[PDB]
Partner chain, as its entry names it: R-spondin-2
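Shown here is one chain on its own, the form solved without the partner chain, set out as structure tokens.
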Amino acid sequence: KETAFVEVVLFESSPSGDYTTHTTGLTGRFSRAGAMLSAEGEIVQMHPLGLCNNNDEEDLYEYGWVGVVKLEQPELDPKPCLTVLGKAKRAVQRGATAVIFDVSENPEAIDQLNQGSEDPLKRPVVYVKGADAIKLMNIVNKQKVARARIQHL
């Protein structure tokens, strides 16, 4: 399958040094234009405008982050700086191990994410929508650091 199982992990340390964790599961689909590989890392939420070399002097994240990007309604960004896959490629250049797109406000992006390339990304690009997107963004919009685990299967 092209199904991606995504686990989102919230964690707190204790004085003993042992962690308490809380996991939320959800499902998306791997883009055919990205790798069909598993990935894992700290979530970094980015506004889709942040993947433009606009303005900027933008943030350096430690290598290995999982980008979570909620697409805008296309009416709000009619002049996109890069294609949606281009923005994923840009994240990978900036150290992302994977990108998860919430495409619920731009479901037509799935057409581009389902279309193959002879220059595919070497890292996975997952899209979520529906209840799965709602589950993801509810956790990401909490104050807390979270880790994502993306599993092929």
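Residues that one form lacks are left out of the comparison. Residue numbers count along the first chain shown, from 1. Basically, rigid core = biggest C-alpha set you can superpose within 1.5 Å across the two forms.
**Student:** Looking at the entry, does 44 to 52 or 23 to 31 show the higher mean C-alpha B-factor?
**Tutor:** Higher mean C-alpha B-factor in the PDB entry: 44 to 52.
**Student:** Would 123 to 131 or 58 to 66 have the larger average of its C-alpha temperature factors, as given in the entry?
**Tutor:** Looking at the recorded C-alpha B-factors, 58 to 66 comes out higher on average.
**Student:** Among 38, 97, 117, 106, which residue carries the highest C-alpha B-factor recorded in the PDB entry?
**Tutor:** Largest recorded C-alpha B-factor: 117.
**Student:** Among the modelled residues of its chain, does the C-alpha B-factor of residue 146 lie in the lowest, middle or highest third?
**Tutor:** Residue 146: CA B-factor falls in the middle third of its chain.
**Student:** Can you tell me which third, lowest, middle or highest, the CA B-factor of residue 4 falls into for its chain?
**Tutor:** Middle third - that is where residue 4 ends up once the chain's C-alpha B-factors are sorted.
We do not show the form solved in complex with the partner chain, though everything after this point is about it.
**Student:** Classify residue 141 as contacting or not contacting the partner chain in the deposited bound form by the rule of any non-hydrogen atom within 4.5 angstroms, answering yes or no.
**Tutor:** So residue 141 counts as contacting the partner chain.
**Student:** Is the gap between residue 115 and the partner chain in the deposited bound form 4.5 Å or less for some heavy atom pair?
**Tutor:** Close contact is absent here: in the deposited bound form, residue 115 is far from the partner chain, nothing within 4.5 Å, heavy atoms only.
**Student:** Closest heavy atom of residue 29 to the partner chain in the deposited bound form, within 4.5 Å or not?
**Tutor:** Taking the distances in the deposited bound form, the answer for residue 29 is no, it never comes within 4.5 Å of the partner chain.
**Student:** Residue 43 versus the partner chain, in the deposited bound form: is there a non-hydrogen atom within 4.5 Å?
**Tutor:** Residue 43 belongs to the contact set for the partner chain.
**Student:** Using a 4.5 Å cut-off on heavy atoms, which residues of 19 to 58 contact the partner chain in the deposited bound form?
**Tutor:** Read in sequence order, the residues that approach the partner chain (within 4.5 Å, in the deposited bound form) are 43, 44, 45, 46, 47, 48, 49, 50, 52, 54, 57.
**Student:** Kindly specify the one residue in 27, 45, 117, 38 whose Cα moves by 2 Å or more between the shown form and the other one, with superposition done on the rigid core.
**Tutor:** Comparing the C-alpha positions, the one residue that moves 2 Å or more is 117.
**Student:** C-alpha of residue 56: shift of 2 angstroms or more between the shown form and the other one, rigid core aligned?
**Tutor:** The answer is yes, as the C-alpha of residue 56 shifts between the shown form and the other one by 2 Å or more after core alignment.
**Student:** Report the direction of the Cα distance change between residue 56 and residue 44 in the deposited bound form, compared with the displayed form, as closer or farther; the change is 3 Å or more.
**Tutor:** Compared with this form, residue 56 and residue 44 lie farther apart in the deposited bound form.
**Student:** I want to verify one pair: residue 46 and residue 56. Are their C-alpha atoms nearer or more distant in the deposited bound form compared with the form I supplied, knowing the change is 3 Å or more?
**Tutor:** Their C-alpha distance grows by at least 3 Å in the deposited bound form.
**Student:** Taking only residues present in both forms and a 2 angstroms threshold on CA movement, what segments of three or more in a row shift between the shown form and the other one once the core is aligned?
**Tutor:** Listed in sequence order, the moving runs between the shown form and the other one are 53 to 58, 114 to 118.
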